[PDB]
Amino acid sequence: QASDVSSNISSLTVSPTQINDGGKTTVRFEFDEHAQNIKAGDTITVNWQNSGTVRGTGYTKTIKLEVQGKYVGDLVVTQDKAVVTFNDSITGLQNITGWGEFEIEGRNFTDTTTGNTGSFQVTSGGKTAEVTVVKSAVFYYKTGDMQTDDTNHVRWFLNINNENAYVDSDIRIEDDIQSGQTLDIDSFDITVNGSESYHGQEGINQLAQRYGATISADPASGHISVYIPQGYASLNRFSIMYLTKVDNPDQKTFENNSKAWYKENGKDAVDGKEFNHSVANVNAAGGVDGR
């Protein structure tokens, strides 16, 4: 309405301008009072296409904005847009200038088995930017991500017997979660063959006494142990999912280390090979100045 002062945007950039599917771009914006004065309740909005085949999803964050220590408003990044709102303490400040930085995930849902290049638009005030998102055409790995709607946790996956192979042996995983994060035991979700789901302690207990498969975890040490007896492991597929809570919000990367022991039918035993994964942290930042 009359309280949108996005016209005050002086600069709008995205970096990179082109990303792999599931990658992220950093949006940087600057603003001043070149179009009109900023007052309490005014808002400055960065939009991006968030609803179609090629879209952006913001990494959710709320940052307090200060001028020389004084709290004058906030930067709220949601999945659909980023909004700067000025509080009643902005009153009286002259020559107002500001900046924000935040992160958007790009996704390309185009259904071709080929490569596909498409783009989503980012817009603020007088400025537009295009982000191009390119979609590209093992017994065990570990992976992880930060969900756009949950930037204070890392989601981790122990993906076991992914081709439902015959298994000669038991399967053993030994997992050390690296520093700056804490296991949430209640977060455990184990899906077998994409049909059964076991949740939290009760689920871990179900898996155990039903099929002798044992997940044991120590959140103080960050250790998780996985044992699957040969009988239940053979031809079965396991996705062991869990969250860590972020303890160090300024850390750049969260790491999770595992070692695995298993013997696939008609193959040599794997004997404590390392399967590690890093997840990049996300941020938002911003500042106001004036007199």
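Sequential numbering from 1, following the sequence displayed.
- The segment from residue 137 to residue 138 is interrupted, since 4 to 9 residues of the deposited sequence in that interval carry no coordinates.
- Averaged over CA atoms, B-factors in the entry run higher in 178-186 than in the other of 78-86 and 178-186.
- For the segment pair 258-266 and 52-60, the entry gives 258-266 the higher mean B-factor, averaged over Cα atoms.
- Looking only at 73, 98, 194, 106, the residue with the top Cα B factor in the deposited structure is 194.
- As recorded in the entry, 212 carries the highest CA temperature factor of 118, 219, 212, 125.
- Among the modelled residues of the chain, residue 232 sits in the highest third by CA temperature factor in this PDB entry.
- Ranked against the other modelled residues of its chain, the C-alpha B-factor of residue 245 as given in the entry falls in the middle third.
- When the modelled residues of the chain are ordered by C-alpha B-factor, residue 68 sits in the highest third.
- In this PDB entry, residue 156 carries a Cα temperature factor that places it within the lowest third of its chain's modelled residues.
- Compared with the other modelled residues of the chain, the Cα B-factor recorded for residue 288 ranks in the middle third.
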